[PDB]
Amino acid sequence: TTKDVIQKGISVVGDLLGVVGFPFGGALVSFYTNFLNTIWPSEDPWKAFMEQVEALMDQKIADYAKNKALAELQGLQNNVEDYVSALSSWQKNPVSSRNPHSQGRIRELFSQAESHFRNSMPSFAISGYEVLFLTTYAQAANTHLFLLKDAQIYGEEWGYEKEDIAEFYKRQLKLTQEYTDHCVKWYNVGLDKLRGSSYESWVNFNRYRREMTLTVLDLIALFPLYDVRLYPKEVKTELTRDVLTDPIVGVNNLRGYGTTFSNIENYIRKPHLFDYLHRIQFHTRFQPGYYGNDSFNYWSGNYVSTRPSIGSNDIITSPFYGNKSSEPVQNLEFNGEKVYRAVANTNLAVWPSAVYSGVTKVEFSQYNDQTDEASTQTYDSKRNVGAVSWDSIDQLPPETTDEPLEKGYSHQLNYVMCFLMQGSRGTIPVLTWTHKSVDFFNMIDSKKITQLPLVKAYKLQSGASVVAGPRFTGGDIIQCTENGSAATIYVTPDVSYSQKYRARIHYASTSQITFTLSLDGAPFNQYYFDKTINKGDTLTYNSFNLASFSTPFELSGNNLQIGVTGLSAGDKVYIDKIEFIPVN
């Protein structure tokens, strides 16, 4: 269920990834038409977003609050549609038909929509219903901000006063901070409300966390890229966060045998440098049926191996998860394959006073981007397989239903972990996924502004570590506590000739610091950076600063090293991303 809103959520993010930064006119209009068909066609999507959170929270919005929200949304739809049709005409029509009379038409349509948004927003944030209105608020907030940036692109063409364009910009800055902070605050409120002790508590908790990531958190991560003044070119970026699909189980009710909340939550992957699925070792066990005829084999445990980010080749192998094999081990290798789907079979044996169930078969769909070919690899228990009961596509739909899956998928497999049920009743497998936008090569685009997340480094040093992200950056961050080197990231230049770049850094610091940049161990850039926070402070939107390095440089190597100095006892520096600006 709810796959509809999940798909809409996934698609919007996927489309926006193509019109982020300063977009070209044709691309902007194309986006807008899909946008209107997806998010703004009727009241149906809005109603579905409200029901989505009500389902996750097991609470309902007061009818009066639900109705007013829907009323505001009908009005906002008209404003958006009227605006888009006019914008479309403007782009299409030559720089001749632009008379003062048509300029005023577009100016008032724009002013109306923008104003209606500021006025309506509080309706999606009524006291006591903040969490329940989260996906609705996130989608409305996104529209408002996306709409706003248009004033910086077409402002002068439309004949707006310098004062008007400026007022719009300040308004965009204030709202980007507010809307972001609002979403993170209530996201967390909801998350804590779902913490429990049972296995059933954890499934709910994790479903909320995954669904809120796809529909809210991924979206707010794009907001800063709507600043076409700071980002006067197209932006190449990616989402580095993990999402965990629902556990694969044969029965709807485990009658108390499900792994406890703590035994799952405390053992799932902790903030780590980015990596890729490399290998899986399947362990199988025999489950006897009370009458022999009803027996079956099942996936009991596993090993997982991942390869790090480009620049390092040493394979990381996981501890053993679950139970040792009673049957012959099965190994699947993924070197240079992208797992875009996983479909599973489960089976059960009913005993006089017990039920035993397990995952008997798993079919993995893989795509080879090098040899441009799809194929499948499967795990088979080999004894009484049963039927398919779990499909990843239901939880992680494709970005587009237009293209074939191997082209339009939204996520790929990163991790596999087996949990043991209480009292030796079986094994629960849990799968971790990563977003399709992640570029393995860490490629620096010669025409765009490239955002490089620090978690794409292959080596941390001087006691630098991966820490949980503040929920609005699309992934995790790097914490620096000592003076010295911090991270080494491998970079792939897209051009051969001596193209020059400017670097910008998105960070947070308790003190004034010095950042140093090196290529293949040779320093080339060193600069002074401001303090952004006080010791102890929690990280909100304003905690981060985006600052340039003075001097331009060429990519005469691949190994980029970031180093920090100027720290004192108790000082901390958080690094999110490094950006490259193609310059002449």
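Quick note: we count residues from 1 along the sequence shown, nothing fancier.
K.L.:
On average, which has the higher Cα B-factor in the deposited entry, 142 to 150 or 360 to 368?
P.N.:
Higher mean C-alpha B-factor in the PDB entry: 360 to 368.
K.L.:
Check the entry's C-alpha temperature factors for 483 to 491 and 372 to 380, then say which stretch has the higher mean.
P.N.:
Higher mean C-alpha B-factor in the PDB entry: 372 to 380.
K.L.:
Quick one: which of 178, 476, 294, 227 has the biggest Cα B-factor according to the entry?
P.N.:
Going by the entry's C-alpha B-factors, 294 comes out highest.
K.L.:
Comparing recorded Cα B-factors across 573, 10, 569, 19, which one is largest?
P.N.:
Comparing C-alpha B-factors across 573, 10, 569, 19, the top value belongs to 569.
K.L.:
Tell me, lowest, middle or highest third: where does the Cα B factor of residue 167 rank within its chain?
P.N.:
According to the entry, residue 167 has a C-alpha B-factor in the chain's lowest third.
K.L.:
Please place residue 528 in the lowest, middle or highest third of its chain by C-alpha B factor as given in the entry.
P.N.:
CA B-factor rank for residue 528: middle third.
K.L.:
Please place residue 135 in the lowest, middle or highest third of its chain by C-alpha B factor as given in the entry.
P.N.:
It belongs to the lowest third of the chain when residues are ordered by C-alpha B-factor.
K.L.:
Ranked by Cα temperature factor within the chain, is residue 218 in the lowest third, the middle third or the highest third?
P.N.:
Residue 218: CA B-factor falls in the lowest third of its chain.
K.L.:
Could you tell me which third, lowest, middle or highest, the C-alpha B-factor of residue 64 occupies within its chain?
P.N.:
For residue 64, whose C-alpha B-factor we compare with every modelled residue in the chain, the answer is the highest third.
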